[PDB]
file coords-v2.txt (compact mmCIF, C-alpha atoms and all ligand atoms)
# COMPACT_ATOMS: atom_id res chain seq x y z
CA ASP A 50 1.65 -23.38 -8.81
CA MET A 51 1.66 -20.25 -6.69
CA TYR A 52 -0.42 -19.81 -3.54
CA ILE A 53 -0.96 -17.01 -1.00
CA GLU A 54 -0.92 -17.12 2.85
CA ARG A 55 -1.99 -14.23 5.13
CA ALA A 56 0.93 -12.56 7.02
CA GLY A 57 -0.77 -9.64 8.81
CA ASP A 58 -2.91 -6.55 8.94
CA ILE A 59 -1.80 -3.35 7.23
CA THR A 60 -1.38 -0.75 9.95
CA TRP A 61 1.08 1.98 10.98
CA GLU A 62 3.08 0.94 14.09
CA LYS A 63 3.84 3.62 16.69
CA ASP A 64 7.54 3.57 17.68
CA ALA A 65 8.60 1.20 14.85
CA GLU A 66 12.42 1.03 14.24
CA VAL A 67 13.43 4.16 12.23
CA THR A 68 16.23 3.73 9.61
CA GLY A 69 17.40 4.22 5.96
CA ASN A 70 18.74 7.28 4.20
CA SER A 71 16.89 9.45 1.58
CA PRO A 72 18.98 9.60 -1.60
CA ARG A 73 17.99 11.83 -4.53
CA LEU A 74 18.90 9.94 -7.75
CA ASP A 75 18.53 10.59 -11.46
CA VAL A 76 17.14 7.37 -12.94
CA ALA A 77 15.82 5.97 -16.24
CA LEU A 78 13.01 3.37 -16.61
CA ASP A 79 13.17 1.09 -19.67
CA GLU A 80 10.36 -0.73 -21.51
CA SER A 81 11.08 -3.94 -19.52
CA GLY A 82 10.39 -2.12 -16.21
CA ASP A 83 14.05 -2.00 -15.18
CA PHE A 84 15.39 1.13 -13.45
CA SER A 85 18.97 2.26 -14.15
CA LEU A 86 21.10 5.16 -12.81
CA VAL A 87 21.67 8.14 -15.17
CA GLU A 88 25.23 9.51 -14.86
CA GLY B 16 -10.25 -18.85 -0.38
CA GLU B 17 -9.21 -16.20 2.18
CA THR B 18 -10.43 -12.79 1.10
CA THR B 19 -9.65 -10.84 4.32
CA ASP B 20 -7.85 -7.54 3.68
CA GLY B 21 -4.17 -7.49 4.68
CA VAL B 22 -0.69 -8.46 3.60
CA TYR B 23 0.05 -11.94 2.18
CA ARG B 24 3.08 -14.02 1.23
CA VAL B 25 3.17 -15.46 -2.33
CA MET B 26 4.62 -18.99 -2.23
CA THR B 27 5.54 -21.77 -4.70
CA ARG B 28 6.17 -25.48 -4.27
CA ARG B 29 7.84 -25.76 -7.77
CA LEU B 30 11.35 -25.35 -6.30
CA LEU B 31 12.97 -27.02 -3.23
CA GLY B 32 10.42 -27.17 -0.35
CA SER B 33 8.05 -24.20 -0.04
CA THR B 34 9.65 -21.03 -1.31
CA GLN B 35 8.47 -17.44 -0.88
CA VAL B 36 8.73 -15.58 -4.20
CA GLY B 37 7.07 -12.35 -3.02
CA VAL B 38 4.32 -10.51 -1.12
CA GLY B 39 1.10 -8.69 -1.92
CA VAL B 40 -1.90 -6.74 -0.67
CA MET B 41 -5.57 -7.82 -0.47
CA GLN B 42 -7.83 -4.77 -0.51
CA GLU B 43 -11.51 -4.45 -1.57
CA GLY B 44 -11.50 -8.08 -2.83
CA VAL B 45 -8.50 -7.47 -5.17
CA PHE B 46 -4.96 -8.97 -4.75
CA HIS B 47 -2.16 -6.56 -5.67
CA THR B 48 1.51 -7.54 -6.24
CA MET B 49 4.51 -6.74 -8.49
CA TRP B 50 4.54 -8.28 -11.97
CA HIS B 51 8.05 -9.77 -11.50
CA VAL B 52 6.77 -11.83 -8.50
CA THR B 53 4.08 -13.86 -10.38
CA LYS B 54 4.91 -13.14 -14.06
CA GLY B 55 1.08 -12.86 -14.44
CA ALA B 56 0.40 -16.50 -13.44
CA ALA B 57 -2.85 -17.54 -11.68
CA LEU B 58 -2.68 -17.94 -7.85
CA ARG B 59 -4.35 -20.29 -5.35
CA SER B 60 -5.90 -19.17 -2.01
CA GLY B 61 -6.91 -22.35 -0.16
CA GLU B 62 -9.20 -24.21 -2.57
CA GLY B 63 -9.99 -21.00 -4.56
CA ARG B 64 -8.29 -19.57 -7.65
CA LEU B 65 -7.31 -15.90 -8.28
CA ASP B 66 -7.05 -14.95 -11.95
CA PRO B 67 -5.10 -11.92 -13.22
CA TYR B 68 -7.24 -8.95 -14.17
CA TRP B 69 -4.79 -6.16 -15.06
CA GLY B 70 -1.01 -6.03 -15.40
CA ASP B 71 1.80 -3.97 -16.89
CA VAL B 72 5.47 -5.06 -17.16
CA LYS B 73 6.82 -1.45 -17.36
CA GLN B 74 4.99 -0.37 -14.19
CA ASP B 75 5.91 -3.83 -12.78
CA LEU B 76 2.43 -4.28 -11.27
CA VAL B 77 -0.45 -6.80 -11.42
CA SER B 78 -3.93 -7.08 -9.89
CA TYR B 79 -6.08 -10.22 -9.46
CA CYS B 80 -9.96 -10.57 -9.26
CA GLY B 81 -10.50 -6.91 -10.16
CA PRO B 82 -8.94 -3.57 -11.12
CA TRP B 83 -6.06 -1.94 -9.16
CA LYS B 84 -7.61 -0.37 -6.01
CA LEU B 85 -4.65 1.34 -4.27
CA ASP B 86 -4.54 5.09 -4.90
CA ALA B 87 -2.87 6.77 -1.91
CA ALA B 88 0.30 8.74 -2.67
CA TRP B 89 3.40 9.75 -0.69
CA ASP B 90 3.06 13.42 0.38
CA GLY B 91 6.73 14.15 -0.51
CA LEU B 92 7.58 15.29 3.05
CA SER B 93 6.76 12.69 5.75
CA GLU B 94 8.29 9.45 6.92
CA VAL B 95 6.53 6.27 5.75
CA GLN B 96 6.64 2.65 6.90
CA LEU B 97 7.70 -0.39 4.91
CA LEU B 98 5.66 -3.37 6.15
CA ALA B 99 8.38 -5.87 5.27
CA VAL B 100 7.35 -9.52 5.03
CA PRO B 101 10.68 -11.44 4.54
CA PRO B 102 10.85 -15.17 3.70
CA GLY B 103 10.32 -17.31 6.85
CA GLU B 104 10.22 -14.20 9.10
CA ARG B 105 7.40 -12.26 10.87
CA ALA B 106 5.88 -9.14 9.20
CA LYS B 107 7.77 -6.10 10.65
CA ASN B 108 7.30 -2.34 10.18
CA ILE B 109 10.32 -0.14 9.38
CA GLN B 110 9.97 3.65 9.41
CA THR B 111 12.03 5.76 6.97
CA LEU B 112 12.09 9.13 5.15
CA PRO B 113 11.93 8.36 1.41
CA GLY B 114 14.46 9.67 -1.09
CA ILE B 115 13.48 10.51 -4.67
CA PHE B 116 13.95 8.95 -8.08
CA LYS B 117 14.07 11.87 -10.63
CA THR B 118 13.02 10.72 -14.10
CA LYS B 119 12.34 12.43 -17.46
CA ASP B 120 8.62 11.75 -16.72
CA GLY B 121 8.49 13.09 -13.16
CA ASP B 122 9.70 12.29 -9.67
CA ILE B 123 8.84 9.17 -7.58
CA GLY B 124 9.48 8.49 -3.86
CA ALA B 125 12.08 5.80 -3.13
CA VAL B 126 13.00 3.75 0.01
CA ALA B 127 16.65 2.90 0.81
CA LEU B 128 16.15 -0.47 2.54
CA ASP B 129 17.50 -3.92 1.48
CA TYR B 130 15.77 -7.29 2.11
CA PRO B 131 15.89 -10.89 0.55
CA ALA B 132 14.39 -10.95 -3.10
CA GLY B 133 11.20 -12.73 -1.91
CA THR B 134 10.27 -9.53 -0.01
CA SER B 135 9.09 -7.84 -3.28
CA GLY B 136 5.45 -6.71 -3.14
CA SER B 137 5.68 -5.65 0.54
CA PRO B 138 3.52 -2.52 1.05
CA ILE B 139 4.79 0.97 1.94
CA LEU B 140 2.22 2.87 4.08
CA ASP B 141 1.45 6.42 5.21
CA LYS B 142 0.47 7.54 8.75
CA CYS B 143 -3.23 6.71 8.02
CA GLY B 144 -2.27 3.06 7.22
CA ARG B 145 -2.99 3.62 3.49
CA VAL B 146 -0.83 1.77 0.96
CA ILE B 147 1.11 4.35 -1.06
CA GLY B 148 2.92 1.73 -3.18
CA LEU B 149 4.79 -1.59 -3.27
CA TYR B 150 8.49 -2.28 -2.55
CA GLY B 151 10.74 -4.30 -4.84
CA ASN B 152 11.54 -2.54 -8.13
CA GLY B 153 14.61 -0.35 -7.83
CA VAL B 154 18.29 0.14 -8.43
CA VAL B 155 21.77 -0.56 -6.95
CA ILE B 156 23.58 2.76 -6.33
CA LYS B 157 27.34 3.77 -6.39
CA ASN B 158 28.25 2.46 -2.88
CA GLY B 159 26.54 -0.88 -3.61
CA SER B 160 23.32 -0.24 -1.61
CA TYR B 161 19.74 -0.98 -2.83
CA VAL B 162 17.02 1.63 -3.28
CA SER B 163 13.45 0.65 -4.19
CA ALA B 164 10.94 2.93 -5.97
CA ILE B 165 7.61 3.43 -4.12
CA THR B 166 5.63 1.86 -7.02
CA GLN B 167 1.95 2.79 -7.17
CA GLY B 168 -0.75 1.92 -9.73
CA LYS B 169 -3.64 3.93 -11.14
CA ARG B 170 -7.15 3.37 -9.81
CA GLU B 171 -9.46 3.75 -12.90
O1 LIG C 1 12.55 -7.47 -2.91
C1 LIG C 1 13.70 -7.38 -3.26
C2 LIG C 1 14.10 -7.45 -4.71
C3 LIG C 1 15.26 -6.51 -5.03
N1 LIG C 1 16.36 -6.65 -4.06
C4 LIG C 1 17.68 -6.41 -4.43
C5 LIG C 1 18.06 -6.37 -5.79
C6 LIG C 1 19.39 -6.09 -6.09
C7 LIG C 1 20.30 -5.89 -5.07
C8 LIG C 1 19.84 -5.96 -3.76
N2 LIG C 1 18.57 -6.21 -3.42
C9 LIG C 1 15.90 -6.34 -2.71
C10 LIG C 1 14.82 -7.31 -2.27

call {"tool": "encode", "arguments": {"input": "coords-v2.txt", "output": "structure tokens"}}
result
Amino acid sequence: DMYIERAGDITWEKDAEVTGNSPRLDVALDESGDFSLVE
Amino acid sequence: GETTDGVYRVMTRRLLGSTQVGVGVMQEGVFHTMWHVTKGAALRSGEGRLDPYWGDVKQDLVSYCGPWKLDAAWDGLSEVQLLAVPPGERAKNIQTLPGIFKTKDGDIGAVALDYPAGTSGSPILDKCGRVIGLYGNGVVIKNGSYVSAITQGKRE
């Protein structure tokens, strides 16, 4: 039995930590909603 | 139940203790999450019940109480923020420049950030605070790192 609990407002934060790269990938999406890499 | 707009954890007491299985967004009286988080099951909010209204396994999305309301889109150029809500941890914003998933049916923004599985459904936002999609359906790339699509629904 699943339940929900509030965790916060949805707002942009000035000076949030900035990280992560920006890869460009060829991918395929199957009927079950799974992504896979195309090589 | 609580109907205030914002980000929510999705919990279950079926397993050991209270376990966070995902996250979602309440907007315009509709609860939005990824299909793999709830598998389309009903949800509780206090003493109230939220019933599924629309869902699609291939898009990996589900809405409760009404139709999908989120329609903002990544502009393809700017940094966005993941409003990560990890299990047992405070909601925290992380800013990043999305990458791209190129598919036979068009290109989708993607965020290269890894969190515990129960973080699925966390919203990705633009500079106006609009939700441009949900985090949690992605792929593991060559060097072993995780990249999530920015998954967005259609507002009819
Ligand atoms: O919300 C999440 C679900 C997907 N997940 C994964 C999946 C495979 C490898 C690494 N992280 C990140 C967290």

call {"tool": "closest_atom_pairs", "arguments": {"input": "coords-v2.txt", "of": "chain B", "to": "ligand LIG 1 (chain C)", "cutoff": "9 Å", "atoms": "only C-alpha atoms and all ligand atoms", "output": "JSON lines"}}
result
{"residue": "B:37", "atom": "CA", "partner": "C:LIG1", "partner_atom": "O1", "distance": 7.3}
{"residue": "B:38", "atom": "CA", "partner": "C:LIG1", "partner_atom": "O1", "distance": 9.0}
{"residue": "B:101", "atom": "CA", "partner": "C:LIG1", "partner_atom": "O1", "distance": 8.6}
{"residue": "B:128", "atom": "CA", "partner": "C:LIG1", "partner_atom": "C9", "distance": 7.9}
{"residue": "B:129", "atom": "CA", "partner": "C:LIG1", "partner_atom": "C9", "distance": 5.1}
{"residue": "B:130", "atom": "CA", "partner": "C:LIG1", "partner_atom": "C10", "distance": 4.5}
{"residue": "B:131", "atom": "CA", "partner": "C:LIG1", "partner_atom": "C10", "distance": 4.7}
{"residue": "B:132", "atom": "CA", "partner": "C:LIG1", "partner_atom": "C1", "distance": 3.6}
{"residue": "B:133", "atom": "CA", "partner": "C:LIG1", "partner_atom": "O1", "distance": 5.5}
{"residue": "B:134", "atom": "CA", "partner": "C:LIG1", "partner_atom": "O1", "distance": 4.2}
{"residue": "B:135", "atom": "CA", "partner": "C:LIG1", "partner_atom": "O1", "distance": 3.5}
{"residue": "B:136", "atom": "CA", "partner": "C:LIG1", "partner_atom": "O1", "distance": 7.1}
{"residue": "B:137", "atom": "CA", "partner": "C:LIG1", "partner_atom": "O1", "distance": 7.9}
{"residue": "B:150", "atom": "CA", "partner": "C:LIG1", "partner_atom": "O1", "distance": 6.6}
{"residue": "B:151", "atom": "CA", "partner": "C:LIG1", "partner_atom": "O1", "distance": 4.1}
{"residue": "B:152", "atom": "CA", "partner": "C:LIG1", "partner_atom": "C3", "distance": 6.3}
{"residue": "B:153", "atom": "CA", "partner": "C:LIG1", "partner_atom": "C3", "distance": 6.8}
{"residue": "B:154", "atom": "CA", "partner": "C:LIG1", "partner_atom": "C6", "distance": 6.7}
{"residue": "B:155", "atom": "CA", "partner": "C:LIG1", "partner_atom": "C7", "distance": 5.8}
{"residue": "B:159", "atom": "CA", "partner": "C:LIG1", "partner_atom": "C7", "distance": 8.1}
{"residue": "B:160", "atom": "CA", "partner": "C:LIG1", "partner_atom": "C8", "distance": 7.0}
{"residue": "B:161", "atom": "CA", "partner": "C:LIG1", "partner_atom": "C8", "distance": 5.1}
{"residue": "B:162", "atom": "CA", "partner": "C:LIG1", "partner_atom": "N2", "distance": 8.0}
{"residue": "B:163", "atom": "CA", "partner": "C:LIG1", "partner_atom": "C3", "distance": 7.4}

call {"tool": "closest_atom_pairs", "arguments": {"input": "coords-v2.txt", "of": "chain B", "to": "chain A", "cutoff": "7 Å", "atoms": "only C-alpha atoms", "output": "CSV"}}
result
residue,atom,partner,partner_atom,distance
B:21,CA,A:58,CA,4.5
B:22,CA,A:57,CA,5.3
B:23,CA,A:55,CA,4.3
B:24,CA,A:54,CA,5.3
B:25,CA,A:53,CA,4.6
B:26,CA,A:52,CA,5.3
B:27,CA,A:51,CA,4.6
B:28,CA,A:50,CA,6.7
B:29,CA,A:50,CA,6.7
B:58,CA,A:51,CA,5.1
B:59,CA,A:52,CA,4.4
B:60,CA,A:53,CA,5.5
B:72,CA,A:82,CA,5.8
B:73,CA,A:82,CA,3.8
B:74,CA,A:82,CA,6.0
B:75,CA,A:82,CA,5.9
B:96,CA,A:61,CA,6.9
B:106,CA,A:56,CA,6.4
B:108,CA,A:65,CA,6.0
B:109,CA,A:66,CA,5.4
B:110,CA,A:67,CA,4.5
B:111,CA,A:68,CA,5.4
B:112,CA,A:71,CA,6.0
B:113,CA,A:71,CA,5.1
B:114,CA,A:71,CA,3.6
B:115,CA,A:73,CA,4.7
B:116,CA,A:74,CA,5.1
B:117,CA,A:75,CA,4.7
B:118,CA,A:76,CA,5.4
B:127,CA,A:69,CA,5.4
B:128,CA,A:69,CA,5.9
B:142,CA,A:61,CA,6.0
B:144,CA,A:60,CA,4.8
B:153,CA,A:84,CA,5.9
B:154,CA,A:84,CA,5.9

call {"tool": "axis_aligned_box", "arguments": {"input": "coords-v2.txt", "around": "range 51-66 of chain B", "padding_each_side": "3 Å", "output": "JSON"}}
result
{"center_x": -1.0, "center_y": -17.0, "center_z": -7.3, "size_x": 24.0, "size_y": 20.4, "size_z": 20.3}

call {"tool": "atom_distance", "arguments": {"input": "coords-v2.txt", "atom1": "CA of residue 124 in chain B", "atom2": "CA of residue 44 in chain B"}}
result
26.8 Å

call {"tool": "atom_distance", "arguments": {"input": "coords-v2.txt", "atom1": "CA of residue 30 in chain B", "atom2": "CA of residue 100 in chain B"}}
result
19.9 Å

call {"tool": "residues_around", "arguments": {"input": "coords-v2.txt", "residues": "residue 171 in chain B", "least_positions_apart": "4", "cutoff": "12 Å", "atoms": "all atoms listed in the file", "output": "ChimeraX atom specification"}}
result
/B:69,81-86

call {"tool": "closest_residue", "arguments": {"input": "coords-v2.txt", "among": "B:147, B:77, B:125, B:57", "to": "residue 89 in chain B", "atoms": "all atoms listed in the file"}}
result
B:147

call {"tool": "atom_distance", "arguments": {"input": "coords-v2.txt", "atom1": "CA of residue 32 in chain B", "atom2": "CA of residue 105 in chain B"}}
result
18.9 Å

call {"tool": "closest_residue", "arguments": {"input": "coords-v2.txt", "among": "B:98, B:80, B:149, B:92", "to": "residue 65 in chain B", "atoms": "all atoms listed in the file"}}
result
B:80
